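Read the structure below first, then the notes.
Every number here is computed from the coordinates shown, using simple stated rules; none is lab data. Cβ placement follows ideal geometry from the backbone for every residue including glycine, while neighbour counts extend to all protein chains displayed.
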Amino acid sequence: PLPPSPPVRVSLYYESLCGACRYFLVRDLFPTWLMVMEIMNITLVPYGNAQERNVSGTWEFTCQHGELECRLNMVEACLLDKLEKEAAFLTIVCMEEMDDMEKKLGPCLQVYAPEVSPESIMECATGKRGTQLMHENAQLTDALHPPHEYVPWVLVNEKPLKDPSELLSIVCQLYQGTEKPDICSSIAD
Amino acid sequence: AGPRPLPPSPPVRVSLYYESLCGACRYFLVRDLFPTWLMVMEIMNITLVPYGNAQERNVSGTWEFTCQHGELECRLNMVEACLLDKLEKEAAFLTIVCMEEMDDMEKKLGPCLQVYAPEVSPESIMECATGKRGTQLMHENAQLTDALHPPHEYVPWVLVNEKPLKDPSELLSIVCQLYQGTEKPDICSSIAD
Ligand SMILES: *[C@@H]1O[C@H](CO)[C@@H](O[C@@H]2O[C@H](CO)[C@@H](O[C@@H]3O[C@H](CO)[C@@H](O)[C@H](O)[C@@H]3O)[C@H](O)[C@H]2NC(C)=O)[C@H](O)[C@H]1NC(C)=O
Ligand SMILES: *[C@@H]1O[C@H](CO)[C@@H](O[C@@H]2O[C@H](CO)[C@@H](O[C@@H]3O[C@H](CO)[C@@H](O)[C@H](O)[C@@H]3O)[C@H](O)[C@H]2NC(C)=O)[C@H](O)[C@H]1NC(C)=O
Ligand SMILES: *[C@@H]1O[C@H](CO)[C@@H](O)[C@H](O)[C@H]1NC(C)=O
Ligand SMILES: *[C@@H]1O[C@H](CO)[C@@H](O)[C@H](O)[C@H]1NC(C)=O
C-alpha cells in the first residue's frame, strides 16, 4: 500500500572494445553508481554493433573490433550470468579499464569473486552457453525502439540519454524519493 | 610556475587524512573521492595521508604507533603508506581503494596488487610495512597530520586547496567550481548552477 520509491533504471548497450563505451562505463556509469547506488538499477547488455548469423544451426557473431571483441563480449555475458549482480559489474568495470582485458579476467575475478574460477567463465564463453547468452543480447539490442544509432546507447527509465555527462544529474532528478543521497542535493539547481 | 609564459590552469588539490578502518573514511574514499576522481581526474591532484587519529611514541629509539581500531589498523596504515612509497601514484590510489572496499583487507592486498601493479609483490610490500621503512613512512605521516592548521577535529579530514571541507558530498561540485580553466569536464557543466 505504501512501497518505497523505485530506483532509476539505467541500461547500457555497449561492446567491449568501443572507446566511448569504455569511457562511459568506467568514468560515468561506474562512478555515478558509486555515488548513488541506492537509487540506481543498472543493466548491462554487451553486444553493441555486433552482427549475428545462423551458420549450420548455430549462431555466429561478427564484431566491429574483431574476434577479440566478440570473445570479450561473451566473457562479460557469462560473468553477468554466473556472478551476483554487483560482483559482475565490478569485475567487468575492472577488466574494461585495463590495456589487456582477456589477461586481467583472472586477477579481477580473484578480487571480486574468487569462488568463481576464470576457467569456468572461459568454458561458458567458448561454449554453447556463451553463444546462447550472446544471442539473447542480440535480440535485446535489436528490440530497441528506437533502434540504437551508435554505441554506447544509454537508456534512463527506457528513454535514450543524449548527453552521457548528464547521467548523475538526471538520476538524482528522476528519483522520486524525498530523501535523496547527499550528493543529489549538492548538485541540485 | 611553468611553463611560465602561458601555463595551463592548475588542478584542484585534495588531501585526505584518514585511517584504514574508519567507516566514514572508507565511505568517503570509495564513494566520494574515488568516483569524483574517475569523473574529473584531469583537474584533480589527490594526496592520501594514512594516519588519522593514530598516536605516536618514541619508546627506546624507535617510533611505535597506537591506532583507534587496534593493531590491524596500524598495520594496514603502514601497508598503504608503503604502497604510496613503492607504486606509481595512480596504481597506489587504485590499489588502496581496491583494498578499502573489502571485508578482509589484508588478504586482498595480493589480489588488488595483481590487478593494478603486478610487478610489485605483496611480499615486498609486507617487508616494508613490518620493517624500518614502514615505521619511517608512518612517522612522516604523523608529522604531516600534526602540522594541520587548524588541527583535524575528526577523520576523514579533507582539504580542498588547503581549506577544510566540512560537507564531503560537495567535493565534486567544489572541485568543478574551483578549477580555473574555461574548458571544464562535461560533468562540470551538467552540475553547474
Ligand atoms: C532491477 O531491475 C531488474 C530488471 O528490471 C529487476 O528484476 C526483475 O524483478 C521482477 C520482480 O518484480 C521479476 O519479475 C517477475 O516477478 C514474478 C513475481 O511477481 C516472478 O514470478 C517472475 O519469475 C519474475 O521474477 C523480473 O523477472 C526480474 N527481472 C530479471 C532480469 O531478473 C529487479 O527487481 C530490480 N531490482 C530492484 C532493487 O528494484
Ligand atoms: C601534485 O601535487 C604534488 C605536491 O604538491 C606535486 O609534486 C611536487 O612537484 C614539485 C615540482 O613540480 C616538486 O617541488 C620542486 O621540485 C623541483 C625539482 O623538479 C625542485 O627544484 C624544487 O626546489 C622543488 O623541490 C615537489 O618535490 C613535488 N612534491 C611531492 C610531494 O611530490 C605535483 O607536481 C602535482 N602534480 C601536478 C600539478 O600534476
Ligand atoms: C537456425 O538454424 C536451425 C535450423 O536448421 C534452427 O536452430 C533455427 O530454426 C534457425 N534459426 C533461424 C532464425 O533461422
Ligand atoms: C628517540 O629516542 C632516542 C633515544 O635513543 C633519542 O636519542 C632521540 O632523540 C629520540 N628521537 C626523536 C626525538 O626524534
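Scan region B:121-133 and tell me whether some residue there is crowded, with 16+ Cβ neighbours inside 10 Å and under 16 Å from the mean Cα position of the chain (by Cα). So far as region B:121-133 goes, no, none of its residues is crowded, with 16+ Cβ neighbours inside 10 Å and under 16 Å from the mean Cα position of the chain (by Cα).
Taking the stated definitions as given, is A:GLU136 part of a loop (DSSP other than H, G, I, E, B) and over 27 Å from B:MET102 (Cα atoms)? Criteria not met by A:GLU136.
In this structure, B:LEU16 qualifies as touching a strand residue (DSSP E or B) at 6+ places or on another chain (Cβ under 6 Å), away from every other protein chain (no Cβ under 14 Å), surrounded by 15 or more Cβ atoms within 10 Å (Cβ to Cβ) and not small (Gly, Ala, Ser).
Checked against the criterion of being more than 26 Å from B:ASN45 (Cβ to Cβ) and not polar (S, T, N, Q), the candidates B:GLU162, B:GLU123 yield just one match: B:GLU123.
For region A:96-108, indicate whether the set of residues that are crowded, with 21+ Cβ neighbours inside 10 Å, within 14 Å of chain B (Cβ to nearest Cβ) and touching a residue at least 40 places away in the same chain (Cβ under 8 Å) is non-empty. Within region A:96-108, one or more residues are crowded, with 21+ Cβ neighbours inside 10 Å, within 14 Å of chain B (Cβ to nearest Cβ) and touching a residue at least 40 places away in the same chain (Cβ under 8 Å).
For region B:148-160, the count of residues that are more than 14 Å from every other protein chain (Cβ to nearest Cβ), touching a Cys at 6+ places or on another chain (Cβ under 8 Å), assigned to a loop (DSSP other than H, G, I, E, B) and aliphatic (A, V, I, L, M) is at least one.
Mind listing whichever residues of region B:45-73 are of a type in the set (A, V, I, L, M, F, W, C) and without any contact (Cβ under 8 Å) to a residue 60 or more places away in the chain? B:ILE46, B:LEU48, B:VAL59, B:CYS67, B:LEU72 - these are the residues of region B:45-73 that are of a type in the set (A, V, I, L, M, F, W, C) and without any contact (Cβ under 8 Å) to a residue 60 or more places away in the chain.
If you go through region B:19-30 and keep only what is among the aromatic types (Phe, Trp, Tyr) and either within 16 Å of ligand 3 (Cβ to nearest atom) or out of contact with any strand residue (DSSP E or B) (no Cβ under 9 Å at 6 or more places or on another chain) (or both), you end up with just B:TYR27.
With a requirement of 1 or more residues that are more than 22 Å from B:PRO35 (Cα to Cα) and away from ligand 1 (no atom under 16 Å from the Cβ), the strands (runs of 3 or more DSSP E) lying completely within region A:6-105 that satisfy it span A:51-55, A:58-62. Considering each residue of region A:25-71, count those that are more than 18 Å from the chain's Cα centre (by Cα), surrounded by 15 or more Cβ atoms within 10 Å (Cβ to Cβ) and either among the aliphatic types (A, V, I, L, M) or within 16 Å of ligand 4 (Cβ to nearest atom) (or both), and give that number. Count: 0.
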